[PDB]
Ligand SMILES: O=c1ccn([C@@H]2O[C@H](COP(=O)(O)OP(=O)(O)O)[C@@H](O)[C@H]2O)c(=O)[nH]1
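In C-alpha cells, one chain follows: the form deposited without the named molecule.
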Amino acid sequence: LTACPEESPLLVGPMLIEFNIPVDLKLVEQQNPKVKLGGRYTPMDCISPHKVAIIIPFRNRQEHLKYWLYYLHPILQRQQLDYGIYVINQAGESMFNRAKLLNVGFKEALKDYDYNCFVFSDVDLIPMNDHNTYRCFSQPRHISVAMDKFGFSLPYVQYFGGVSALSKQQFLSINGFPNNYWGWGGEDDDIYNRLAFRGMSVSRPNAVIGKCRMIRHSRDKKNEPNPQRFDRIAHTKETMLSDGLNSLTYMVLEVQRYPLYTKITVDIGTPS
C-alpha cells in the first residue's frame, strides 16, 4: 500500500549459478506461484515505481531460456519489480537480428501494460548478485558488466551488449535501436554511439555486484559475424535518424502466453 523501499529487504547478495542440473519449468512454475500467466508479477506488499518489461531476443535456444527463467524469476521478485517477461522469437532462416527483435519487444510489451522501463537481455546471461537490480536509473544502465566470459571484468569501456536497461524516455530519445544489423557484432556498439550522441552517459554497478555467468554454446551458423558491422558502427550519428523505432516494420506470426513467459514469434523480414 506504500511505495517499495529504495533497497529491497529480500536481497541475499551473491548466488551460486550453475548449468549442470536439468530444469523443469513445471518445477519452476511451482516454486514461483506468484508469477501469473504471461510471466507477470506485481509486488503485493508495496508499490514498485519500476514497471519493467524484460525483453529477450531469441531463436532455437529453449534450453537457455529454461535456466534463464529458473534463476531470473526468483531474483526479479526479490528485487520487488512489477515486471513482465517477453521472448521475441525470430522466425525464418535469415541471420540473427538482436537489436531489431529488441525493438519488437519494446512495441509489443507496450501493448500489454504501461511499462516505463525496459531491460534488454540475451537469453544466456545470468546475474550472480541480486544487488544488480534489473531496472532503470537516471541514465542508460549497462548490466552485464562483469561477465565470466571476460574474466569477471568489463572488456571495454564502450561495451553495452549482454544485458541493459533504458527507460522509455531514454529509449525513445535515440529512436530506439537500429534495424539494419544482420548477423553478429556491432549493434550493441551502435546503440552505445546513440546514447552518446544524445548526451547520455552509461551507468553501471561495480565489478563485484555486476558479476554474471554466461551459458557457453556452440557457434550459431545462423548468426555469422556480420561483414558490414565495421562500416555501420561508424555512421550511427547519421543512421540513428532513419533506422530505429520510426522505421520499424514486422509481422507477428503468433503470440504465446505461457505461465512463466510471453513468446512472440515474428517475421522481421530479410537483410534489405
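Throughout, we count residues from 1 along the sequence that is shown.
The following text describes the form deposited with the named molecule bound, which does not appear among the structures shown.
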- Would you please decide whether residue 168 lies within 4.5 angstroms of the named molecule in the deposited bound form, comparing each non-hydrogen atom pair? no
- Message: residue 25 versus the named molecule, in the deposited bound form: is there a non-hydrogen atom within 4.5 Å?
- Response: yes
- Non-hydrogen atom contact residue 19 with the named molecule in the deposited bound form at 4.5 angstroms: no
- Query: Can you check whether residue 58 is within 4.5 Å of the named molecule in the deposited bound form, heavy atom basis?
  - Reply: yes
- Go through 119-127, 192-200, 170-178, 77-85 and give me the stretch that gets within 4.5 Å of the named molecule in the deposited bound form, heavy atoms only. 119-127
- Answer with one of 246, 206, 30, 62: the residue that has a non-hydrogen atom within 4.5 Å of the named molecule in the deposited bound form. 62
- Task: Would you kindly say which of 159, 152, 113, 137 lies with a heavy atom within 4.5 Å of the named molecule in the deposited bound form?
- Result: 159
